Amino acid sequence: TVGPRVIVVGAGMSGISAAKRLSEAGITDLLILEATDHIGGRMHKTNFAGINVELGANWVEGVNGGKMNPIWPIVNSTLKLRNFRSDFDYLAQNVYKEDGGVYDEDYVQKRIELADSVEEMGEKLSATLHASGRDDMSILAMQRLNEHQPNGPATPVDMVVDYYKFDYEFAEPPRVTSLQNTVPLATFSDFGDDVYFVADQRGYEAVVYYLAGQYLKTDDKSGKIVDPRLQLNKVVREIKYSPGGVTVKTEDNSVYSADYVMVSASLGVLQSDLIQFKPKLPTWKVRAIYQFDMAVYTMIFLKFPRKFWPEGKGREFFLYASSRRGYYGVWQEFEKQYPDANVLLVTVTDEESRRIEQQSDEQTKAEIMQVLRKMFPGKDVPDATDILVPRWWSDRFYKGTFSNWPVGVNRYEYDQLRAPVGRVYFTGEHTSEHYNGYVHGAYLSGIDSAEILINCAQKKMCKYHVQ
Ligand SMILES: Cc1cc2nc3c(=O)[nH]c(=O)nc-3n(C[C@H](O)[C@H](O)[C@H](O)COP(=O)(O)OP(=O)(O)OC[C@H]3O[C@@H](n4cnc5c(N)ncnc54)[C@H](O)[C@@H]3O)c2cc1C
Ligand SMILES: *[C@@H]1O[C@H](CO)[C@@H](O)[C@H](O)[C@H]1NC(C)=O
């Protein structure tokens, strides 16, 4: 109403957080333009076969550690969102042979232990690397170094173990991933090694909503955010920035003025042509944008006439050691989370995600049936009655699921990513210093971006030195 005006592009986690931090400081003249018809962004639930499941973020990652993960209190104490600790101690008993049945546990255990040791030496190595990133390498290069081979895990069991250890976490193979920025990982180093599966019918998005209703006006009766400051179905298509101020044009031809703009759209959106910047963003910034990775993590859901898979102690997570690396490999059954549901969850990432998103649900269901018959022969496995294939990559407002730190990108040029250009500020998981790719990362990045601008608006200090 009175003071500087900031336009926040996008009402995701970091978007909502940023505006909240801005409000708190006094900058209340905010306008949040959100492309979709809902806040939450990549924190989004949907109805699959009469239950609510997550399309996007599904875990609170990093719990029980030396520092409190800011999302965990909100999830466990404040909203008391239904969630369960994920236990992976029994994967050794649950790795399926490409053709028929499981491997000898004692065998698989060796391979897991071996894999863990190679990664532990990765940590030692990573701890010695110069902070300039000068002597950084891919996770694979390290793996090769320890295993004394021209290659990383090359055999069906080893690979699915490798996939589970890395791909299943970062949504890209070890060979594209920076050793120095994932091994070890601050998310786990700081907040603990535990991850917690949110399975609450309100949605994991309830966290975003909770935060949003601490500064945005909500209807006393229904609870729906009624604040005129949040505008849904507003698709920012052009940002005009000059010494004087900023213009923000949306897709319906509205043009807005403000003193500053906070961009919370994903790295993939920035990488696309969705938001045009006039004038064009400096080279240094563009090169930072296009060198970072916007990975794709696809959570394929399936429902079945009956339950043909093992349930009980250490049965939640099972692997499929395909000879075609990353082929329908990581499986999750929901006996605890959605009792009597008959839903399985297979995760694919990266190269496979792009294929699968592009093909018909039927074609996919077909492929998955085949695999499931091989995993459980001498059982009668019914065709899946329903399939869900989240198409995040294909979606213009996301163009991926989360960022991954790639080999080549050093700490400096990562900072160029978060750096502002004029009155154009950036936020989102991909700007998060130590927690890119994560809900908390997005959440904390909101606060940091906000504070950077607040420091400029109020304290009148606006030179940002990239480091
Ligand atoms: C499949 C998947 C699984 C994941 N797994 C985990 C996990 O379980 N645990 C965890 O901690 N994190 C995980 N994440 C990552 C986590 O979801 C993100 O780090 C976090 O949600 C990012 O929030 P954000 O505000 O940075 O981006 P977003 O949530 O994408 O916010 C951007 C918002 O801007 C909007 N938008 C984009 N373009 C425009 C525009 N042109 N105009 C106006 N609005 C625009 C979008 O609609 C969106 O609402 C997962 C993500 C996905 C999708
Ligand atoms: C979450 O809440 C439960 C049940 O109220 C409580 O016992 C526990 O302290 C919390 N769990 C974690 C991991 O913080």
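Chain A uses Swiss-Prot numbers throughout; the residues present, in order, are 30-496.
Per the header of the entry, the method used was X-ray crystallography, 3.2 Å.
Each residue, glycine too, has its Cβ placed from N, Cα and C.
For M42, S43, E63, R71, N87, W88, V265, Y427, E458, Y467, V468, the entry in Swiss-Prot reads FAD binding site, with the evidence type experimental evidence. Annotation source Swiss-Prot lists substrate binding site at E90, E198, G466. If you look up Swiss-Prot, you'll see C485-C491 marked as disulfide bond. According to Swiss-Prot, the N-linked glycosylation site annotation covers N105, on the basis of experimental evidence.
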Least buried by Cβ count (within 10 Å) of the recorded positions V468, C485: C485
Distance [Cα-Cα, Å, rounded] between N105 (N-linked glycosylation site) and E90 (substrate binding site): 13
Nearest of the recorded positions (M42, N87, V265, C491) to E198 (substrate binding site) - Cα to Cα: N87
Residue among recorded positions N87, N105 with least C-beta crowding, 10 angstrom cut-off: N105
Intrachain C-beta neighbours of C491 (disulfide bond), sequence separation six or more, cut-off 8 angstroms: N484, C485
Candidate nearest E90 (substrate binding site) in space, where candidates are the binding-site residues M42, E63, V265, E458, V468 and distance is Cα-Cα: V468
Listed recorded positions adjacent to ligand 2, that is, members of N105, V265, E458, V468 whose C-beta is under 6 A away: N105
Maximum Cα-Cα separation in Å among residues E90, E198, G466, which the record lists as binding substrate: 11
Recorded positions whose CB lies under 6 angstroms from ligand 1, from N87, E458, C491: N87, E458
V265 (FAD binding site), number of other Cβ atoms within 10 Å: 24
Secondary structure of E90 (substrate binding site) (DSSP, helix/strand/coil): strand
C-beta crowding around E90 (substrate binding site), within 10 angstroms: 26
